[PDB]
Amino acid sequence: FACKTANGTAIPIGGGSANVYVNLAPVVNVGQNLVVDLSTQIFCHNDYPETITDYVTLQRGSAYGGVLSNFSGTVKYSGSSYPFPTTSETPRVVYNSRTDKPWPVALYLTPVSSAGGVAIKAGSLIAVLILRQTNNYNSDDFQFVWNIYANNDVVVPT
């Protein structure tokens, strides 16, 4: 089991860390959602689906920089919505194929009432998402740590 980003960066068997650089809607009003769809950015596969089933959760997700300060967040994992930053590990998604398939994670971030101006800065860390992988075969328990960085400023009109 291993994962890769849209730009080619991979985290191999056993886990590790990688940076993901995302473009963001440049203007988001109070009452609107800024969406960070990582299902188009992060892809993973099972290396031995003939015999092993891989189990994958969002173990936890944290907000940083302007997202922590200026946004109220929810994370969608494989169709279900949870608080972001997270308060519990999600249910498991099954990976049973060698074809790389999306990690079904999306952040929905809406400005807090106090937000205004540049609410997210270009180049800043905005989230860390921990993908946890286990299986039905041995005791493997691996973390794939995704550091999410903003490619551009996000302005909240005032």
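Numbering starts at 1 and runs along the sequence shown.
**Student:** Averaged over C-alpha atoms, is the B-factor higher for 3 to 11 or for 148 to 156 in this PDB entry?
**Tutor:** It is 3 to 11.
**Student:** Among 107, 42, 93, 129, which residue carries the highest C-alpha B-factor recorded in the PDB entry?
**Tutor:** Of the options given, 93 has the highest CA B-factor in the PDB entry.
**Student:** Could you place residue 63 in the lowest, middle or highest third of its chain by Cα temperature factor, using the values in the record?
**Tutor:** Lowest third of the chain for residue 63's C-alpha B-factor.
**Student:** Please place residue 31 in the lowest, middle or highest third of its chain according to the CA B-factor in the PDB entry.
**Tutor:** Answer is highest: the recorded C-alpha B-factor places it there.
**Student:** Comparing residue 102 with the other modelled residues of its chain, is its CA B-factor in the lowest, middle or highest third?
**Tutor:** It falls in the middle third of the chain.
**Student:** Place residue 118 in the lowest, middle or highest third of its chain's C-alpha B-factors, as listed in the PDB entry.
**Tutor:** Its C-alpha B-factor, which the entry lists for residue 118, ranks in the middle third among residues of this chain.
**Student:** Going by the entry, which third of its chain does the Cα temperature factor of residue 69 land in?
**Tutor:** Middle third.
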